[PDB]
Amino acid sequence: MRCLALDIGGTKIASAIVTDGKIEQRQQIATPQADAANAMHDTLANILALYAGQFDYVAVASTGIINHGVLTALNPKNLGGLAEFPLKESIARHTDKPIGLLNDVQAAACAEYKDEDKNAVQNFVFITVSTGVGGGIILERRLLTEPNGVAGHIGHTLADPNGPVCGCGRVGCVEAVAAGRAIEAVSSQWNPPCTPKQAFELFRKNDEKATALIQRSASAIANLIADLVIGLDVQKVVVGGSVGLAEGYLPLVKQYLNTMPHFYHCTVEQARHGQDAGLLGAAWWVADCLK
């Protein structure tokens, strides 16, 4: 009845107490990256110290392939280099109340979907374009998680066969060319260097060099959406993250989508829950899971 939500990311770790669908007591600490396999027990330790007592169960929403309370990183460059981490057991040191875990954008998808007309929209996909690219797939009003939580990892479906090589090891993933870190990898090597946020500012001023960089990312996502519409009959796609919500972006994605045959069209919308979706969604999904 009283829930501790965590949102482990590449960059920060959000936490809060989620109680009847509202968020209170919201903290966030930077995610440790050097010596992460050890540094993270200590971070979790500190988090369940400040909250202990105020929760009955914990609801984890983190990046990586979340399966059997172990986080396996597909692209570990989104974690300073960290390949896997025993997430469930490390929260077990600080409470023996029950622990539910779930990928960070699968969780966000539950937040974004359980206010939609589940009659008109039964094939739904949330897509985040942030430090990485990921998704959470709802098919027949259900979250796709079986058997090993791998379901939804559409940032590592192919975007270009001649594309850059991904952190995951495969050539050409959507993530390798569309994510915040793919943009930053090209823009931080400009003279002078640019953060992705500054690249967008030049994009909004019609700089061709910056526009090319942003178009490289929007087109890939447009294609990924088309792939989801044609391959799964996805009716709606909601797009979030620090790059999806960038001003001018979803308009640009949608432009590419409309040059495609109408077979590839569907509703494409911005996310209503921002950076709280991970915590909210992760709570509801651990609620639903204990009946």
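Residue indices: 1-based, along the sequence shown.
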Report task. Look up the CA B-factors in the entry and say which stretch, 87 to 95 or 154 to 162, has the higher mean. Result -> 87 to 95
Query raised in the report: Got a sec? Mean C-alpha B-factor, which is higher, 25 to 33 or 221 to 229?
Result: 25 to 33
Report summary line: Based on the PDB entry, the highest CA temperature factor among the options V239, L252, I65, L50 is that of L50
Report task. Tell me which of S187, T128, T145, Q215 tops the list for C-alpha B factor in the record. Result -> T145
**Report entry** Among modelled residues of the same chain, the CA temperature factor third for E175
**Finding:** lowest
Report task. Tell me, lowest, middle or highest third: where does the Cα B factor of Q122 rank within its chain? Result -> highest
Report task. Would you please rank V234 by its C-alpha temperature factor against the other modelled residues of its chain and give the third it falls in: lowest, middle or highest? Result -> middle
Query raised in the report: So where's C168 on the chain's Cα temperature factor ranking, which third?
Result: lowest
Requested in this report: Would you check the entry's CA temperature factor for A182 and let me know if it's in the chain's lowest, middle or highest third?
Outcome: lowest
